[PDB]
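Here, each number is a calculation from the coordinates, and none is a lab measurement. Note that each Cβ is placed from the backbone with ideal geometry, even for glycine, and that neighbours are counted across all protein chains shown.
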Amino acid sequence: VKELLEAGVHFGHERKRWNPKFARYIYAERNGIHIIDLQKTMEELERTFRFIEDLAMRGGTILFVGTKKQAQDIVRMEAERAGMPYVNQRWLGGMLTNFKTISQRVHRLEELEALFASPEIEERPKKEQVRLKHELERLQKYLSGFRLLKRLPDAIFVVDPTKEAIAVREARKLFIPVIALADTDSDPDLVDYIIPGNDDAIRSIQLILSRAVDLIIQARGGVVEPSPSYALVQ
Amino acid sequence: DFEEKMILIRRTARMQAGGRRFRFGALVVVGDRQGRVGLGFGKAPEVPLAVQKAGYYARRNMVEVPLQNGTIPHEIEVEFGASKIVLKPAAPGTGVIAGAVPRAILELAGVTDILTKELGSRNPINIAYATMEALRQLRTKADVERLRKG
Amino acid sequence: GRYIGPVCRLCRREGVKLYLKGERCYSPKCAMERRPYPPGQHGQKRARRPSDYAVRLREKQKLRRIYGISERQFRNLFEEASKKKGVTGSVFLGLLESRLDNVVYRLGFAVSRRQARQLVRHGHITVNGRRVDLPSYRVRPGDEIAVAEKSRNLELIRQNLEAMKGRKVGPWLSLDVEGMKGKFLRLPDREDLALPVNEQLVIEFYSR
Amino acid sequence: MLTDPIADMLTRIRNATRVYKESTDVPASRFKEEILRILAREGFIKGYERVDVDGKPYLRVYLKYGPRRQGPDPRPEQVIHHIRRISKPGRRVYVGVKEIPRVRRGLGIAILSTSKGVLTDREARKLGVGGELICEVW
RNA sequence: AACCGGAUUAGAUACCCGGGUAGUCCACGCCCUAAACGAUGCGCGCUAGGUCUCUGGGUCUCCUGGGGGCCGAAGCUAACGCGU
RNA sequence: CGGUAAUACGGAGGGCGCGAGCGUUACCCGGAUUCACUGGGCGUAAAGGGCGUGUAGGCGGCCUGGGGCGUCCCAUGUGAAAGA
Ligand SMILES: [Mg+2]
Ligand SMILES: [Mg+2]
Ligand SMILES: [Mg+2]
Ligand SMILES: [Mg+2]
Ligand SMILES: [Mg+2]
Ligand SMILES: [Mg+2]
Ligand SMILES: [Mg+2]
Ligand SMILES: [Mg+2]
Ligand SMILES: [Mg+2]
Ligand SMILES: [Mg+2]
Ligand SMILES: [Mg+2]
Ligand SMILES: [Mg+2]
Ligand SMILES: [Mg+2]
Ligand SMILES: [Mg+2]
Ligand SMILES: [Mg+2]
Ligand SMILES: [Mg+2]
Ligand SMILES: [Mg+2]
Ligand SMILES: [Mg+2]
Ligand SMILES: [Mg+2]
Ligand SMILES: [Mg+2]
Ligand SMILES: [Mg+2]
Ligand SMILES: [Mg+2]
Ligand SMILES: [Mg+2]
Ligand SMILES: [Mg+2]
Ligand SMILES: [Mg+2]
Ligand SMILES: [Mg+2]
Ligand SMILES: [Mg+2]
Ligand SMILES: [Mg+2]
Ligand SMILES: [Mg+2]
Ligand SMILES: [Mg+2]
Ligand SMILES: [Mg+2]
Ligand SMILES: [Mg+2]
Ligand SMILES: [Mg+2]
Ligand SMILES: [Mg+2]
Ligand SMILES: [Mg+2]
Ligand SMILES: [Mg+2]
Ligand SMILES: [Mg+2]
Ligand SMILES: [Mg+2]
Ligand SMILES: [Mg+2]
Ligand SMILES: [Mg+2]
Ligand SMILES: [Mg+2]
Ligand SMILES: [Mg+2]
Ligand SMILES: [Mg+2]
Ligand SMILES: [Mg+2]
Ligand SMILES: [Zn+2]
């Protein structure tokens, strides 16, 4: 449960849009691009994974959050690989702070799914049959990963704290730990446990999340075969 | 367990076609008199619904107050906007000498002796906000020691 | 001259039993019995939430009216308490409890406060062998507060000391019931008084 | 020309600590050096050391800060919460031994310049000497 | 400008149209005002950056000065906003 | 406040505050950090002088040494009495 030679994947990103606060993890500027110090990555990785294994084998709940077009279908699988919830299509304002109200939409989703497995789907008129059709369609679109949250998460995992800052801001306010994959354009101070690296470039995203979920299930003694998410590279 | 005192309420009218339509502002202090106080500001269409919100918002956003023999460890000044609040420790047998607003906060905090002066903008809302941040910045000789231990 | 008039009307306005009437504040006639609401036409109307000054004001009256003193002597006693060393709160009470007219009642020589006042004012009270007819006279610890043998045969005196038989006195006082003597041992503490008055409220009334 | 090197040094530290710099340099001076000594003794700075920059002597001041805090604004609590130059040029401040203030009811210091040297408010009072009131630090 | 006319208009002591003197230009001497505005006095030290541009130097994807703009860290501000 | 239900006018009942006093007017300090030493400000609220030059004055980078005027410490004399 580690990696060394990953310089072959994840070197750097974000030519110069850099947040200055990220300077401590920058190695140099090669061909006009910020290259992230590779040793500094693993240093924050160890401090991050130890917290993960601790929270994992404690029984906690980690909200995996990623809306990037790159990280959409990788978050879907690796969070399903674990028992963790995920956010895929869009992060809704109040998913944490308004978690009470956002959860009531899950009750409608469960209600309409339950009423769509019952014989009563055709007992309603044709017009209500297409309306409640559209409800389940969008309610499953956004909440497919958020479905599994019974309480507020014990941890949050994000792949671009810059683009997901609406999600980090809430975890901050609710004092929920923020675990992040953060490249040059991210503010490091907002991340409790940071992994410096490309927020784009799928080749490296699949590696971090898989090794993350690999480390989660290893903490619970459910050792898993390789991740199915490797076929999404090409 | 939890005592709450009402600072003030207001009419806060809003203009619309045909006539004005108003909200209600409500400011409520919450305290246990054991060193824990909270402040909250409610807005609702009817008066009581405003105090309810204030009682809820004040139970969130609490402040641990380090009471030393019923007073503050040290004097501090706090500028919130144009409003400035000043707090100074008092020997017992003095009492809470404060405006209407700071007295309500500090009494529910558990302070029995303190000296207070409001300055600049005497606006109650800002005074309350200022007095709060004043209490968030209190430190103990143990606290300040643990900052310089290294 | 102090306040003179209806008393158990002021039992009502303070909302707390005021034993200035002496007896009959104990018997169920005090008008605190089955009439706790304040006097006047609007006494039975629902009272509005008192202002922060309203509370401080009523608490002072609740204390001042209990000893039966004008505001003049009352205020001066406070300004004396703030200068002396110690807690302004408790020291002020001990100064009130040092009033001769108040000690006379506290010693059970008289039934009420007003009654103990008249006993002093007419010279029936002895302090260390001399007559002292001033109700405002402050008693020092150790002074003997006695009854003039001229009055020891008065039926009003033998009346109150008859019910004082077996009755206990405050821990800062002691009395010989037969010879009609008495002694002020020490200044009472805050705990020594059961007065239903928050003193910090009264101090806070005077910071303004 | 620089006007008040002490306020300049007092500010150079004030400014560096608000953005949480690891270190900052101040033009080297013996009087300044005695100031920094009191701060390193009283635990407001990690310490200091002489250094040259482009040949000219300077003093690296290593700041210290509190623990990284909880939800929003994780920035740590300052070790130096306040620094103010008291006796400036154009209005000098000299206090006798009985005129020395108690800083933040004892939790802070008052750097005094005295005939017996640069002392904190406490050191100056047990020495029984007053002098120029340099600054508050708390 | 003034003023002489023509219109417009309820009226036109104006806007519009035809004229037209001082003046506007030059020299020499006065006058000393202005929204003379960045409505922000001068000098020096300190405090993230990104980008556009004028002008120097440089081992000339760029680095480094000195100006002129725009976003914006921390912070300040009653707010707008200010922000090397 | 009062222009038809006035707790604001005028009286009554009642209530509150002081009580041999209670109100009023004038005057002083206070609240007033509203002349800001403690303890304020001037982009738009009152407030940067139209700009420069430069006199007086105010202010003064780093190292050593003498002096000891400012500054600090001790002793002493003085600081009448009353007051506090
Ligand atoms: Mg931990
Ligand atoms: Mg959305
Ligand atoms: Mg990015
Ligand atoms: Mg605390
Ligand atoms: Mg201000
Ligand atoms: Mg104390
Ligand atoms: Mg004002
Ligand atoms: Mg006093
Ligand atoms: Mg003394
Ligand atoms: Mg006292
Ligand atoms: Mg006292
Ligand atoms: Mg005793
Ligand atoms: Mg007073
Ligand atoms: Mg004409
Ligand atoms: Mg005409
Ligand atoms: Mg017309
Ligand atoms: Mg001029
Ligand atoms: Mg200025
Ligand atoms: Mg060039
Ligand atoms: Mg420039
Ligand atoms: Mg800007
Ligand atoms: Mg900001
Ligand atoms: Mg009528
Ligand atoms: Mg009417
Ligand atoms: Mg009528
Ligand atoms: Mg009336
Ligand atoms: Mg009337
Ligand atoms: Mg009457
Ligand atoms: Mg009298
Ligand atoms: Mg005045
Ligand atoms: Mg003044
Ligand atoms: Mg004042
Ligand atoms: Mg004025
Ligand atoms: Mg000033
Ligand atoms: Mg000063
Ligand atoms: Mg001002
Ligand atoms: Mg102006
Ligand atoms: Mg100008
Ligand atoms: Mg001007
Ligand atoms: Mg010098
Ligand atoms: Mg000079
Ligand atoms: Mg000398
Ligand atoms: Mg004298
Ligand atoms: Mg004397
Ligand atoms: Zn009674």
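In order along segment A:215-225, the phi-based Karplus estimate (6.51 cos²θ - 1.76 cosθ + 1.60, θ = phi - 60°) of 3J(HN,Hα) comes to 6, 5, 5, 5, 5, 9, x, x, 2, 10, 4 Hz; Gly and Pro are listed as x. Sites listed here are trypsin sites (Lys or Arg not before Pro) in segment A:141-231 whose DSSP assignment is loop and whose Cβ has at most 14 other Cβ atoms within 10 Å: A:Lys150, A:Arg151, A:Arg220. For the Cα trace of segment A:75-209, dividing Rg by the Kirkwood Rh returns an Rg/Rh value of 1.06. Compute the long axis of helix B:124-136 from its Cα atoms, compare it with the longest principal axis of the Cα atoms of chain B, and write down the angle in degrees, 0 to 90, nearest 10. Orientation of helix B:124-136: about 30 degrees from the principal axis.
Take the Cα pairs of chain A, get the Kirkwood Rh, then feed it into Stokes-Einstein at 37 °C and 0.692 mPa s and tell me D in µm²/s. Write out the running numbers ahead of the final one.
Working: Rh = 18.9 Å.
The estimated diffusion coefficient comes to 174 µm²/s.
Looking at chain B, the DSSP beta bridges with both ends there are about 95 percent antiparallel.
For B:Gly120, the amide hydrogen comes within under 5 Å of the amide hydrogens of B:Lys84, counting only partners 5 or more places away or on other chains and with H modelled in the peptide plane.
By counting other Cβ atoms within 10 Å of each Cβ, how are A:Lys69, C:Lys85, B:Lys53, D:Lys21 ranked from fewest to most?
So the ranking, lowest neighbour count to highest, is C:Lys85, A:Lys69, D:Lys21, B:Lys53.
Taken over segment B:41-98, the percentage of Cα pairs per 5 Å bin, counting from 0 up to the bin with the maximum distance, is 4, 14, 14, 15, 17, 18, 11, 6, 1.
Find the all-direction average of the projected area of the Cα convex hull for segment A:2-82, expressing the result in square nanometres with one decimal place. All intermediate terms of the calculation are to be shown ahead of the outcome.
On the way: hull surface 27.5 nm².
Its average projected convex-hull area is 6.9 nm².
Could you pull out the GluC sites (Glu not before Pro) across segment C:15-73 that fall in loop regions by DSSP (anything but H, G, I, E, B) with no more than 15 other Cβ atoms inside 10 Å? Can you show the working numbers first?
Working: sites: C:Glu23, C:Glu33, C:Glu59, C:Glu71; in loops: C:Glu23, C:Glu33.
Passing both the DSSP loop test and the Cβ count: C:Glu23, C:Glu33.
What is the diffusion coefficient of segment C:97-193 in µm²/s, taking the Kirkwood radius over Cα pairs and the Stokes-Einstein relation at 10 °C with a viscosity of 1.306 mPa s?
Numbers: Rh = 13.0 Å.
Calculated translational D: 122 µm²/s.
Across all C-alpha atoms in chain B, the radius of gyration and Dmax reach 17.0, 66 Å. For the protein assembly as shown, pairs of C-alpha atoms spaced more than 48 angstrom apart make up 46 percent of the total. Relative intensity of segment B:3-62 on a log10 scale, I(q)/I(0) at q = 0.17, 0.28 Å⁻¹, equals -0.54, -1.02, per a Debye sum over C-alpha point scatterers of equal strength in the absence of solvent. Volume per residue for segment A:125-164 equals 94 cubic angstrom (convex hull of Cα atoms). A Cα-only calculation for segment B:63-149 places Rg and Dmax at 12.7, 40 Å.
For chain C, what does the relative contact order come out to in percent, with C-alpha contacts under 8 Å and a separation of six or more?
Values: 283 pairs, mean separation 39.5, N = 208.
Normalised by residue count, the contact order of chain C is 19 percent.
Note on B:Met15 and A:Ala201: with the Förster distance fixed at 45 Å, the Cβ-Cβ geometry gives a FRET efficiency of about 0.25.
If Rh is defined by the Kirkwood formula over all Cα pairs and Rg also comes from Cα, what ratio Rg/Rh do you get for segment D:3-80?
With Rh from the inverse mean 1/r over Cα pairs, Rg/Rh is 1.02.
Rg/Rh, computed from the Cα trace of chain C with Rh as the Kirkwood radius, has the value 0.98. Hey, what's the Kirkwood Rh for segment C:1-107 if you take every pair of different alpha carbons, in angstrom? Computed over segment C:1-107, the radius equals 15.5 Å. Averaging the Cα positions of each part gives two centres, and for segment A:119-173 and segment C:76-150 these lie 79 Å apart.
Would you kindly calculate the translational diffusion coefficient of segment D:81-138, applying Stokes-Einstein with the Kirkwood radius from alpha carbon pairs, for 25 °C and a viscosity of 0.890 mPa s, and quote it in µm² s⁻¹ without decimals? Result for D is 220 µm²/s.
Using a cut-off of 14 Å between beta-carbons, work out the net charge of the residues near A:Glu53 (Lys and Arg +1, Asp and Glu -1, A:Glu53 not included). Please report the intermediate quantities before stating the final value.
Numbers: positive: A:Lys2, A:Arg47, A:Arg50, A:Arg58, A:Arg211, A:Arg220; negative: A:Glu46, A:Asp54, A:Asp154, A:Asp214.
For residues surrounding A:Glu53, the net value is +2.
When the alpha carbon coordinates of chain D are projected onto the principal axes, the ranges are 44, 42, 26 Å, largest first.
Taking every alpha-carbon pair under 8 Å whose residues sit at least 6 apart, chain A reaches a relative contact order of 30 percent. Put in order of Cβ neighbour count within 10 Å, fewest first, the listed residues C:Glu97, C:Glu14 become C:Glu14, C:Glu97.
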